[PDB]
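The chain below stands alone and is given as structure tokens, in the form deposited in one PDB entry.
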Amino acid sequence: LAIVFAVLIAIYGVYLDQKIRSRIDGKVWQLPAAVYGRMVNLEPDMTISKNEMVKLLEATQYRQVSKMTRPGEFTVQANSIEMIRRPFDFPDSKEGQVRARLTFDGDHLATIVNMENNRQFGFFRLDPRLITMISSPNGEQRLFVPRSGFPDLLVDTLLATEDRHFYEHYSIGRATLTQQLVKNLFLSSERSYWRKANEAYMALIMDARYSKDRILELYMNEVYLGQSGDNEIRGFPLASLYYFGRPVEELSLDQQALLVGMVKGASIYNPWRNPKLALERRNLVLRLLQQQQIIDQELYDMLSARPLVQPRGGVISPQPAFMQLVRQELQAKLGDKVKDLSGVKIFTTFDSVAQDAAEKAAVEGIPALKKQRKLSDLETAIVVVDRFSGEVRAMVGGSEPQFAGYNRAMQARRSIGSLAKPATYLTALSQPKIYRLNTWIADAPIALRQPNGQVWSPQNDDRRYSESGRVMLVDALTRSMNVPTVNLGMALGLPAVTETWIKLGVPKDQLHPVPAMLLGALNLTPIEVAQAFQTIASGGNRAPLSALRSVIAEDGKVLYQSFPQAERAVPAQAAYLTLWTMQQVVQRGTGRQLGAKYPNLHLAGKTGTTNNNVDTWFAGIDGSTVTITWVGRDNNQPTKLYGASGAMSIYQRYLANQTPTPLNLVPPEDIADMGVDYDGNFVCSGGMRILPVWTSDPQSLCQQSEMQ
């Protein structure tokens, strides 16, 4: 015989083992970067409510139930919630499940108690939601999860199917789990008995040098389970989140049957296109295992009478607007030397609750404005950032945030109009010896000769002038009076005002120092406006906006860490006086519709309008965040909206869709509340009006009083 044949196949097998080594002993796959939202820490004495906490939990993929049994679940009671915080690999320290009770004392979090030992936590970590993945060059997207990470039952459901009961190394006789691992991992497409035998040879070599758990650990992360546009969704972990919005470790049995059922055929059982052949395949799996010992008959009818929820969505590109900022910030910080790495973890500043509320305000708000005014193509952008740290919490780049290609929060450069006014008042108030809230500004006809040849003659909103010819600075800003603003600004000088703009953090090449700049001849994107208003909201510290918190390697190596880098930009006292006045605009000025609806928030804000309302804006500052809202048309035509009411309606819905933090303005040093009389002069005691004043010696009133 030519038995040497068993020899060149033996060497072909030994040399085959050479390939099933360099592959599995290292990078099995190029693993895409995972993008996570914010990690929230809870603390006792935190200002939050139970209903507020419920929303944060549901936004973080938690499910409210009657009785808890699994991670990612929680129960509500009269004055508290009980949850099972799911396990997560926090950069700071890996954590398992924790059964906690958060107890609420009305307005705040009273206690957080470990249900295990009945003791209190000093702070408690909530895991971050997976927002998205960063496209993998392969076109194949995976979320690696170790063996242990898979629930016993989905492994049982998996074994109850494909590899019927085991796979010890009979199946062929009657007429393979390791057999298929190589099929997807090493082999070509289809037709070949040689393929059938080539994998069969790789299967023995495989299951010879690698453990049981290691085979299905690679398998449960390799199987094709979906198609997101032109990206392969494979692996049970990523499929779970993609096909249920919940981790693999937390799938219900009926959801485990579906995924598994979709392994045989992985595209025709797709619950989107045809839910019928998927429902039958699901129930089929439910009857497959029902025969073996794992499944009861009574519960079977439940799982079968258990429709699919199922994400009923496409999710091809989650949070397109915010992800633009993320991609942009990654390039700047780490460069192109990042996607070279596999299994990278990106921790962002994204707030799921805020995003939900902004998106809802945009989606419902815009059609409402179009109906109430008979419009045809109205658009909007919303940016939310943290008051003090400049972290970007939310970004809405269009009235249809779900499906976005053009991101208006970052790309739509638009005249800010009267939103420009605080810069001027901030410039003035930064000089406490000369300009104060009670300083009188002329309000009379203006005529400014400019570079050839026409004369610039700005008018008040109502084409009227103050009967006295003058108005106090406080009231000019409150009422967004055009004429006093130009008189103030021209007296301060366009260079001084322009320098305030740079300190506030606006792009320097957008600044053109001519009179109209004072009234908003300044074109910015919403994210750039947010920077400017964050600087005044923080109390004068410019905190560069960012969407990244950290970037960790698969092994836990820190590729990037964010450190606080706020820069003192304007005096805190001037920032304060400007904000106090912006509280006036919201209570009694142009923003007064908002102060009437949310009196207890004491919001500070500024309306923005342009000639014929081409662009409308609102900038609202609460206790914790700055929200910029823009409403207008892409073609740059008049909106027909009147006043900042369009941007204030969107913002008002934003405020209603979440739980805003009251703004309680704490006065910095050397701020004193002082009375003035009707003439506007300071008085020692009394005064019909009280205004805060930057002074270390309120005895500029003994001086004022000595007029006699």
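The term rigid core refers to the maximal set of C-alpha atoms that superpose within 1.5 Å between the two forms. Position 1 is the first residue in the sequence shown; the rest follow in order.
Keep in mind the form deposited in another entry is missing from the figure; the text below concerns it.
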field: Identity of the moved residue from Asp301, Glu280, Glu116, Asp92, C-alpha shift 2 angstroms or more, core fit between the shown form and the other one
entry: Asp301
query: Aligning on the rigid core, do we see the C-alpha of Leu289 shift 2 angstroms or more between the shown form and the other one?
result: yes
task: Superpose on the rigid core, then tell me if the C-alpha of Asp461 is displaced by 2 angstroms or more between the shown form and the other one.
output: no
query: After fitting the rigid core, is the C-alpha of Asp156 off by 2 Å or more between the shown form and the other one?
result: no
query: Between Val155 and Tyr300, do the C-alpha atoms lie closer or farther in the other form than in the shown form, with a difference of 3 angstroms or more?
result: farther
- request: Tell me whether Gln292 and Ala203 end up closer or farther apart in the other form, going by their C-alpha atoms; the shift is 3 Å or more.
  value: farther
